[PDB]
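Throughout, protein chains are lettered first and strands after them, A, B, ... in sequence-line order, and every chain is numbered starting at 1. Both ligands and their constituent atoms are indexed starting at 1 by order of listing.
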Amino acid sequence: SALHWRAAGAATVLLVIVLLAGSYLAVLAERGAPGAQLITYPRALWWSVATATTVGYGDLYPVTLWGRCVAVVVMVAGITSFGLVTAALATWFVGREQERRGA
Amino acid sequence: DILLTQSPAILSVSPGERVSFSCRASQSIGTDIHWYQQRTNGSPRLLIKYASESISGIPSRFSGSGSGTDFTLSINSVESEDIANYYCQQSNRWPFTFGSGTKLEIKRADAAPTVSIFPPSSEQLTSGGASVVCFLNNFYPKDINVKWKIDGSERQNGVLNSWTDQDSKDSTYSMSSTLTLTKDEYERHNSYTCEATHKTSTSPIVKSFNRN
Amino acid sequence: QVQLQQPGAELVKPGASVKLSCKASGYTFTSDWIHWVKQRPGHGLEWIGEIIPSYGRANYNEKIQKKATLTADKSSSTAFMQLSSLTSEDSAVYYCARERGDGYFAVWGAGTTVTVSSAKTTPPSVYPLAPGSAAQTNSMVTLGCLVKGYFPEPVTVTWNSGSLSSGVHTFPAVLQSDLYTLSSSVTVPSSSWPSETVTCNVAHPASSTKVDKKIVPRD
Ligand SMILES: CCCCCCCCCO
Ligand SMILES: [K+]
Ligand SMILES: [K+]
Ligand SMILES: [K+]
Ligand SMILES: [K+]
Ligand SMILES: [K+]
Ligand SMILES: [K+]
Ligand SMILES: [K+]
């Protein structure tokens with residue numbers, strides 16, 4: 001069980017916790033702001049997933065400052081976790097290519 | 001804020017028929033619309049959520065449709081228990097909003113009123129009071145008059161009436177006329193009558209009683 | 001079981017303030033929001049504000065003059081709405097509902113009737129109502145009971161503690177010089193009376209006074 005596979009794992013779980021706390025904090029921050037649409041958990045969660053993967057359809061978005069802060073954190077956790085996985089994949093490919101070379 | 005327009009305000013339909021209520025939003029809200037039912041003196045009751053999703057415990061009679069800005073709440077085969085006020089509410093954008101409401105009304109077959117007169121009780125008399133109550137029950141249409149005649153002479157003082165909204169058991173109406181006199185004023189009179197003129201009978205339905 | 005419980009009624013003088021309650025029970029979550037709707041007699045529903053127990057944050061309907069203030073109490077599972085400095089305009093039935101963060105109110109409280117006047121509380125007076133001798137009866141017989149001299153609204157009138165529903169009619173109250181008055185009507189088969197009891201239960205929340213009154217034939 002190599003580090004790079006532990007961080008990836010630890011990053012997927014952590015991502016899921018952020019998605020969830022994100023959907024939660026998002027609604028809490030957005031309710032109260034007139035015209036706001038990020039106001040029910042079920043969709044707030046879909047909003048999160050879309051933001052973490054950075055797809056950002058725009059059908060949903062925070063309009064308050066805290067909502068936006070929650071947004072920044074979700075984006076970053078998403079980018080960091082997905083980048084941590086591709087990093088784990090490069091450690092795997094790089095170490096194995098060494099094997100196929102003898103070393 | 002979103003504005004849900006619910007028009008017409010009142011709907012008149014014949015039994016067993018199909019009925020449709022409308023809700024209009026100031027702007028597209030998807031299907032984030034929900035219907036509530038509220039009978040006379042009751043609290044609201046969820047009927048349909050997200051415009052079409054059915055709720056458990058609610059007759060299969062109720063169904064909703066629509067998306068965007070136009071939504072409809074239908075009832076397949078109306079019936080007495082369905083008489084009430086219906087509201088729509090939106091969850092699309094904060095703050096949640098309610099419709100002005102729509103009252104359902106059924107039109108049944110004419111029904112003559114069942115009159116009943118009551119002599120004040122002794123427990124009340126013992127306290128310097130005398131109220132002669134008269135009930136005009138289960139009639140239709142709701143239009144009806146009640147004439148009070150004391151010892152042959154019509155009366156208008158002290159008469160307080162009260163009508164009920166269409167009953168959700170049989171779609172009819174009922175009224176209550178109350179003449180409040182003191183023990184004294186009551187003592188010096190013999191017969192009290194209560195006349196009811198209604199569309200079903202040219203001749204007024206009467207009911208009286210003598211103090212002795 | 002009744003998930004939200006509210007006080008049948010509350011009386012308040014102008015300029016004063018009251019604190020309503022809504023104790024919840026059943027499947028409670030952290031995602032739960034408790035809402036408060038205001039309904040003036042005859043008019044429709046009106047959203048006042050929301051509060052999330054688990055976090056304790058509250059939002060109010062900014063379109064209307066802000067009079068309410070929401071708070072909660074985790075342990076007891078009770079939400080509180082502090083309405084202050086009221087007028088005639090502020091008197092109506094105030095409901096509370098539970099919303100599970102998905103937008104619709106699945107369950108509502110029985111609501112609390114709130115009256116804003118100076119007139120003091122006055123328990124009702126229940127007087128029987130049995131026919132008169134000359135009253136020739138048929139298959140059905142109509143009985144009833146008069147509730148008057150009370151304040152403020154409302155009053156709940158039952159027949160045989162609920163076992164008797166079919167045939168009841170309870171007319172709306174009438175206000176005459178700071179005292180409401182109303183009559184309820186019951187209609188059972190002629191035979192069944194008075195062989196079988198027929199009592200009218202009259203609860204009046206503003207004075208904590210529920211009273212019974214059997215309906216028997218006259219002298
Ligand atoms: C990381 C951002 C803080 C969490 C959101 C708090 C919202 C408070 C409500 O106004
Ligand atoms: K992208
Ligand atoms: K993108
Ligand atoms: K995009
Ligand atoms: K986009
Ligand atoms: K777009
Ligand atoms: K667009
Ligand atoms: K990338």
Side-chain angles (χ1 to χ4, degrees), chain A residues 10-84, chain B residues 1-2 25-33 67-70 90-96, chain C residues 29-36 47-63 66 68-74 79-82 98-103:
Chain A
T12 294
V13 163
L14 191 61
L15 181 61
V16 184
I17 290 163
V18 165
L19 292 182
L20 298 179
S23 304
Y24 186 78
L25 297 177
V27 166
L28 184 58
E30 292 300 299
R31 287 204 181 192
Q37 291 187 312
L38 209 36
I39 55 177
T40 47
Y41 307 120
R43 60 192 56 174
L45 177 63
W46 159 244
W47 163 74
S48 299
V49 159
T51 295
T53 55
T54 67
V55 165
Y57 297 112
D59 64 287
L60 256 359
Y61 45 86
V63 306
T64 73
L65 160 55
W66 288 112
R68 275 158 189 176
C69 280
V70 167
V72 170
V73 174
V74 176
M75 283 142 115
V76 186
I79 297 170
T80 303
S81 59
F82 279 105
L84 206 64
Chain B
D1 301 2
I2 299 178
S26 321
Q27 35 185 294
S28 179
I29 51 188
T31 56
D32 302 339
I33 199 59
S67 69
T69 65
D70 280 274
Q90 64 77 217
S91 284
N92 190 72
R93 294 173 178 281
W94 195 85
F96 293 179
Chain C
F29 302 119
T30 181
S31 61
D32 296 330
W33 293 76
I34 290 300
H35 295 266
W36 293 87
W47 193 74
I48 311 169
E50 42 174 28
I51 189 154
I52 175 177
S54 64
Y55 190 85
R57 183 202 174 67
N59 292 309
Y60 314 87
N61 176 37
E62 68 157 318
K63 294 246 61 177
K66 179 178 176 178
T69 290
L70 320 188
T71 4
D73 186 291
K74 311 281 185 294
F80 304 75
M81 179 180 81
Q82 176 57 44
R98 165 198 281 158
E99 188 246 335
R100 299 195 181 298
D102 37 36

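More than 12 heavy-atom neighbours from other residues, nucleotides or ligands sit within 6.0 angstrom of CZ on C/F29.
Protein heavy atom at the shortest distance from atom 4 (C) of ligand 1 is A/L25 CD1, 3.9 Å. Looking from atom 3 (C) of ligand 1 to the surrounding protein, the closest heavy atom is A/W66 CE3, 4.0 Å. For atom 8 (C) of ligand 1, the closest heavy atom belonging to the protein is C/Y55 OH, 4.1 Å.
Using a 30° and 60° split on the angle between ring planes, A/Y57 and A/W46 fall in the parallel class, below 30°.
Side-chain contact between B/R93 and B/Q27: present, with at least one pair of heavy atoms (C-beta onward) separated by less than 4.5 Å.
For B/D32 and B/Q90, the side-chain atoms include no donor-acceptor pair closer than 3.5 Å. Side-chain N/O atoms of A/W47 and A/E30 include no donor and acceptor closer than 3.5 Å.
An N or O contact shorter than 3.5 Å links C/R57 to ligand 1 by distance.
When A/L65, A/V73, A/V72, A/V70 are checked for heavy-atom proximity to atom 2 (C) of ligand 1, A/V70 turns out nearest.
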